[PDB]
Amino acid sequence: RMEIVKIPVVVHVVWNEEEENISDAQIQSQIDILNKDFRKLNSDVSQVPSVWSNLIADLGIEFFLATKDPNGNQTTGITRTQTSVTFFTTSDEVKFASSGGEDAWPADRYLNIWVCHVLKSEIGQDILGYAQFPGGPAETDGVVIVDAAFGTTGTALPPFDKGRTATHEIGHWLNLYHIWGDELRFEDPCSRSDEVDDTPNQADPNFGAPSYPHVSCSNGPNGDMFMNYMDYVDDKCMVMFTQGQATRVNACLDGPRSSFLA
């Protein structure tokens, strides 16, 4: 029998122009997707090659917008903060009131999700989202997603309009690593591990919509598990976590995030 872990979420919408102050419906659409993907209830799980059907996991996690604020008072579970800031970066400006964002709620009790319009990496690349892995400071714990990649209605835009950026970043929040192993430019692309046996060793990230099989690192004939949420493919293409990943998630819930357990 699975113990379903129910995670309270607070969504911090940080907006400059009115259009970025995204609707309640758009936010709720994201929660709905999380409750499918983390329970193996997404219909598109049918896309997984049958050779790997046996490895598809139900992570046994569900999410809901918080009903009580950190001090025990009724809340919608959504904060909305106007800002004059035109873009945020991975340096966490969105996570502090002082830098034109919104302060985190207590990370031992809530999953903080910030949503903003523009997000850049430290070297100016536009990105869709970023996570903090377990064990970092509470002040910046959580995930950040751009509004055009959040939810399945409103400002969400293809190919990132199926809510999978949040599924991917929350995977990091639960201690999952990129399936290809995150090699640096000069390292052998077959050399690093995501620390999960049942995800095939893989060269580089996959983007777009690859055709099965996509072989790398001598992993034929089945190839890369590019339909795993921890690859970089388009939303419609990523549809599963593995049981080996569930093991890591379980270790995260039993350890550093055990405060979320009943």
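Residue positions are given as counts along the sequence shown, with the first one as 1.
S.K.: Among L111, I123, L174, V144, where is the Cα temperature factor highest, going by the PDB entry?
M.R.: Highest CA B-factor of the listed options: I123.
S.K.: Please rank the C-alpha B-factors of the chain's modelled residues and tell me whether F186 sits in the lowest, middle or highest third.
M.R.: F186: CA B-factor falls in the highest third of its chain.
S.K.: For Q74, does the deposited CA B-factor place it in the lowest, middle or highest third of the chain?
M.R.: Middle third, going by the recorded CA B-factors of the chain.
S.K.: Compare the C-alpha B factor of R192 with those of the other modelled residues in its chain, then answer lowest, middle or highest third.
M.R.: CA B-factor rank for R192: highest third.
S.K.: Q28: which third of its chain by C-alpha temperature factor?
M.R.: According to the entry, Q28 has a C-alpha B-factor in the chain's middle third.
S.K.: Tell me, lowest, middle or highest third: where does the Cα B factor of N250 rank within its chain?
M.R.: Within its chain, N250 is a middle-third residue by C-alpha B-factor, going by the deposited values.
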